[PDB]
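Asks: Dropping the structure in here first, questions after.
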Amino acid sequence: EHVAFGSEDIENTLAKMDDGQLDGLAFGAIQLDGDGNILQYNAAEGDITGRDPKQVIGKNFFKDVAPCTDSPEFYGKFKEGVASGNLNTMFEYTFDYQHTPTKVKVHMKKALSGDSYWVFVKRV
Ligand SMILES: *C(=O)/C=C/c1ccc(O)cc1
């Protein structure tokens with residue numbers, strides 16, 4: 001899939017993509033509901049993080065999968081965006097829960113329709 005991390009219209013290009021199409025991206029992509037439950041999780045993300053994309057679907061990202069992100073700098077920004085119904089933030093972060101510390105660039109952006117939210121990830 002020919003889409004660049006950080007592109008202005010990423011939410012339109014990815015909108016309603018099925019699981020298989022999302023696996024074609026060059027960067028990690030997760031779709032969350034407004035409570036943080038994982039709706040989609042692509043192959044590129046699993047390669048970065050070690051998680052098995054099939055097993056994490058349905059888990060809560062902040063409470064279960066990614067406690068290192070349960071902080072004002074990541075979860076706090078997410079929940080503020082869900083509450084306001086708009087989110088578009090890019091920042092670096094280190095993943096270090098039961099894995100070798102890995103620094104990444106994160107882009108969180110509200111999905112175009114409904115009340116869903118993207119978390120995009122690439123290595124830095
Ligand atoms: C910290 O606990 C981070 C964990 C994590 C980040 C991203 C993922 O896709 C999975 C787990």
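Labels used: A, B, ... for chains in the order of the structure tokens, numbers from 1 for residues in each chain, and numbers from 1 for ligands as shown.
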For ligand 1, return the neighbouring residues as a list in words (distance at most 8 Å; only C-alpha atoms and all ligand atoms).
Replies: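 Written in the requested form, the residues are residues 28, 30, 41, 45, 46, 48, 49, 50, 51, 61, 65, 66, 67, 68, 69, 70, 94, 95, 96, 97, 98 and 121 of chain A.
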Asks: Which parts of chain A does DSSP call strand (DSSP E or B) when run on the backbone here, written out as a PyMOL selection string?
Replies: chain A and resi 28-33+37-41+60+88-95+102-110+116-123
Asks: Please provide as a list in words all residues within 6 Å of residue A:111, with the sequence filter that same-chain residues fewer than 5 positions apart are discarded (counting only C-alpha atoms).
Replies: residues 11, 116 and 117 of chain A
Asks: Find, counting only C-alpha atoms, the residue in A:21, A:27, A:75, A:53 that gets nearest to residue A:7.
Replies: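 Answer, going by the shortest atom-to-atom distance: A:27.
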Asks: Interatomic distance between atom CA of residue A:123 and atom CA of residue A:109?
Replies: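 Taking atom CA of residue A:123 as the start and atom CA of residue A:109 as the end point, the length is 17.9 Å.
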Asks: Would you mind telling me which residue in A:10, A:3, A:22, A:82 lies nearest to residue A:107 when using only C-alpha atoms?
Replies: A:10
Asks: Mind giving me the straight-line distance from atom CA of residue A:43 to atom CA of residue A:83 in Å, one decimal?
Replies: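 Separation between atom CA of residue A:43 and atom CA of residue A:83: 29.1 Å.
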Asks: Record the distance separating atom CA of residue A:14 and atom CA of residue A:47, expressed in Å with one decimal.
Replies: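 Spanning atom CA of residue A:14 to atom CA of residue A:47 is a straight-line distance of 19.7 Å.
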Asks: Find the residues around residue A:93 up to 9 Å (only C-alpha atoms counted), leave out those fewer than 2 positions away in its own chain, and share them as a PDB file with N, CA, C and O atoms, in the first residue's frame.
Replies:
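Result saved to selection-v1.pdb:
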ATOM      1  N   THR A  69       2.315   3.142  28.065  1.00  0.00           N
ATOM      2  CA  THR A  69       1.643   4.271  27.438  1.00  0.00           C
ATOM      3  C   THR A  69       0.570   4.875  28.334  1.00  0.00           C
ATOM      4  O   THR A  69      -0.027   5.902  27.970  1.00  0.00           O
ATOM      5  N   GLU A  73       1.470  11.685  28.802  1.00  0.00           N
ATOM      6  CA  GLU A  73       2.111  11.979  27.519  1.00  0.00           C
ATOM      7  C   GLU A  73       1.533  11.164  26.367  1.00  0.00           C
ATOM      8  O   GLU A  73       1.769  11.518  25.211  1.00  0.00           O
ATOM      9  N   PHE A  74       0.822  10.074  26.634  1.00  0.00           N
ATOM     10  CA  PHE A  74       0.294   9.224  25.568  1.00  0.00           C
ATOM     11  C   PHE A  74      -1.194   9.010  25.818  1.00  0.00           C
ATOM     12  O   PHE A  74      -2.017   9.659  25.162  1.00  0.00           O
ATOM     13  N   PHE A  91       4.350  12.656  18.119  1.00  0.00           N
ATOM     14  CA  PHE A  91       5.356  12.766  19.171  1.00  0.00           C
ATOM     15  C   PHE A  91       6.128  11.454  19.226  1.00  0.00           C
ATOM     16  O   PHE A  91       5.608  10.396  18.863  1.00  0.00           O
ATOM     17  N   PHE A  95       8.836   2.460  23.939  1.00  0.00           N
ATOM     18  CA  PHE A  95       8.100   1.263  24.346  1.00  0.00           C
ATOM     19  C   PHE A  95       9.073   0.344  25.087  1.00  0.00           C
ATOM     20  O   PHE A  95      10.112  -0.041  24.559  1.00  0.00           O
ATOM     21  N   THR A 102      12.356   0.428  22.776  1.00  0.00           N
ATOM     22  CA  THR A 102      12.334   0.779  21.360  1.00  0.00           C
ATOM     23  C   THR A 102      11.715   2.161  21.203  1.00  0.00           C
ATOM     24  O   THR A 102      10.553   2.365  21.599  1.00  0.00           O
ATOM     25  N   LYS A 103      12.492   3.120  20.661  1.00  0.00           N
ATOM     26  CA  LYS A 103      11.991   4.474  20.468  1.00  0.00           C
ATOM     27  C   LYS A 103      11.289   4.559  19.113  1.00  0.00           C
ATOM     28  O   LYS A 103      11.789   4.067  18.091  1.00  0.00           O
ATOM     29  N   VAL A 104      10.123   5.187  19.110  1.00  0.00           N
ATOM     30  CA  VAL A 104       9.291   5.289  17.923  1.00  0.00           C
ATOM     31  C   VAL A 104       8.771   6.718  17.790  1.00  0.00           C
ATOM     32  O   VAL A 104       8.801   7.525  18.734  1.00  0.00           O
ATOM     33  N   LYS A 105       8.260   7.019  16.588  1.00  0.00           N
ATOM     34  CA  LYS A 105       7.420   8.187  16.360  1.00  0.00           C
ATOM     35  C   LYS A 105       5.977   7.713  16.280  1.00  0.00           C
ATOM     36  O   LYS A 105       5.670   6.759  15.542  1.00  0.00           O
ATOM     37  N   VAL A 106       5.107   8.362  17.049  1.00  0.00           N
ATOM     38  CA  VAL A 106       3.679   8.056  17.140  1.00  0.00           C
ATOM     39  C   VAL A 106       2.876   9.195  16.506  1.00  0.00           C
ATOM     40  O   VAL A 106       3.184  10.379  16.713  1.00  0.00           O
TER      41      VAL A 106
END
Asks: With distances taken over only C-alpha atoms, which of A:62, A:84, A:92, A:20 is nearest to residue A:42?
Replies: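 Under the stated criterion, the closest residue is A:20.
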Asks: Please identify the helix (DSSP H, G or I) residues within stretch 36-116 of chain A (assignment by DSSP from backbone atoms) and present them as JSON, numbers by chain.
Replies: {"A": [43, 44, 45, 46, 47, 48, 49, 53, 54, 55, 56, 61, 62, 63, 64, 65, 67, 68, 69, 72, 73, 74, 75, 76, 77, 78, 79, 80, 81, 82, 83, 84]}
Asks: Those same residues - N, CA and C atoms - I'd like them written as a compact mmCIF listing (two decimals), in the first residue's frame.
Replies:
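Below is the file again_24.txt, written as the result:
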# COMPACT_ATOMS: atom_id res chain seq x y z
N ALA A 43 0.32 -5.87 10.45
CA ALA A 43 1.52 -6.71 10.48
C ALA A 43 2.77 -5.87 10.78
N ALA A 44 2.88 -4.68 10.18
CA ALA A 44 4.05 -3.84 10.42
C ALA A 44 4.18 -3.50 11.90
N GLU A 45 3.04 -3.24 12.56
CA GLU A 45 3.08 -2.96 13.99
C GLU A 45 3.58 -4.17 14.77
N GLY A 46 3.03 -5.36 14.47
CA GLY A 46 3.51 -6.57 15.15
C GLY A 46 5.00 -6.81 14.96
N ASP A 47 5.54 -6.48 13.78
CA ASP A 47 6.97 -6.65 13.57
C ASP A 47 7.78 -5.68 14.45
N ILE A 48 7.28 -4.44 14.64
CA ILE A 48 7.97 -3.48 15.50
C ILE A 48 7.88 -3.89 16.97
N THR A 49 6.70 -4.33 17.42
CA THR A 49 6.42 -4.43 18.86
C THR A 49 6.57 -5.83 19.44
N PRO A 53 -0.52 -9.78 15.97
CA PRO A 53 -1.67 -8.96 15.59
C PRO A 53 -3.00 -9.65 15.79
N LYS A 54 -3.09 -10.96 15.63
CA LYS A 54 -4.40 -11.61 15.79
C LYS A 54 -4.82 -11.66 17.25
N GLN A 55 -3.87 -11.86 18.17
CA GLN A 55 -4.20 -12.03 19.56
C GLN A 55 -4.57 -10.75 20.28
N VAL A 56 -4.08 -9.59 19.84
CA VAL A 56 -4.31 -8.35 20.58
C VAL A 56 -5.65 -7.69 20.25
N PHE A 61 -5.82 -1.38 24.87
CA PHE A 61 -4.45 -0.95 24.64
C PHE A 61 -3.81 -0.39 25.92
N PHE A 62 -4.53 0.48 26.64
CA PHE A 62 -3.94 1.21 27.77
C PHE A 62 -3.93 0.40 29.06
N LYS A 63 -4.95 -0.44 29.27
CA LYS A 63 -5.11 -1.22 30.49
C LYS A 63 -4.38 -2.56 30.44
N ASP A 64 -4.23 -3.14 29.24
CA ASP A 64 -3.73 -4.51 29.09
C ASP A 64 -2.42 -4.56 28.31
N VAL A 65 -2.42 -4.12 27.05
CA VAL A 65 -1.32 -4.39 26.12
C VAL A 65 -0.12 -3.49 26.35
N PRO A 67 0.92 -0.90 29.05
CA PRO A 67 0.92 -0.09 30.28
C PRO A 67 1.94 1.05 30.26
N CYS A 68 3.02 0.90 29.49
CA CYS A 68 4.01 1.97 29.40
C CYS A 68 3.45 3.25 28.78
N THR A 69 2.32 3.14 28.07
CA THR A 69 1.64 4.27 27.44
C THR A 69 0.57 4.87 28.33
N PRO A 72 0.35 10.65 31.15
CA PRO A 72 -0.24 11.86 30.54
C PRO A 72 0.24 12.11 29.12
N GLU A 73 1.47 11.69 28.80
CA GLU A 73 2.11 11.98 27.52
C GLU A 73 1.53 11.16 26.37
N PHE A 74 0.82 10.07 26.63
CA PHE A 74 0.29 9.22 25.57
C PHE A 74 -1.19 9.01 25.82
N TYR A 75 -1.56 8.16 26.80
CA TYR A 75 -2.98 7.98 27.12
C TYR A 75 -3.68 9.29 27.44
N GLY A 76 -3.03 10.19 28.18
CA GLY A 76 -3.71 11.44 28.49
C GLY A 76 -4.10 12.23 27.25
N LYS A 77 -3.20 12.31 26.27
CA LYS A 77 -3.52 12.96 25.01
C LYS A 77 -4.64 12.24 24.28
N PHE A 78 -4.59 10.90 24.26
CA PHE A 78 -5.65 10.12 23.62
C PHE A 78 -7.02 10.43 24.23
N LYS A 79 -7.12 10.35 25.57
CA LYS A 79 -8.43 10.51 26.19
C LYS A 79 -8.95 11.94 26.06
N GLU A 80 -8.05 12.93 26.04
CA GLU A 80 -8.45 14.31 25.79
C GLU A 80 -9.01 14.48 24.40
N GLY A 81 -8.41 13.80 23.43
CA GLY A 81 -8.94 13.82 22.07
C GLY A 81 -10.30 13.14 21.94
N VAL A 82 -10.45 11.97 22.55
CA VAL A 82 -11.75 11.28 22.52
C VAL A 82 -12.83 12.17 23.14
N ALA A 83 -12.51 12.80 24.26
CA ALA A 83 -13.50 13.65 24.93
C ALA A 83 -13.89 14.85 24.07
N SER A 84 -12.93 15.43 23.35
CA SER A 84 -13.19 16.58 22.50
C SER A 84 -13.70 16.20 21.12
Asks: Of the candidates A:9, A:115, A:52, A:18, which one gets nearest to residue A:33 if we count only C-alpha atoms?
Replies: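 Ranked by minimum distance to residue A:33, first place goes to A:115.
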Asks: Using only C-alpha atoms for the distances, tell me which of A:86, A:40, A:100, A:60 is nearest to residue A:113.
Replies: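 Among the listed residues, the smallest separation from residue A:113 belongs to A:86.
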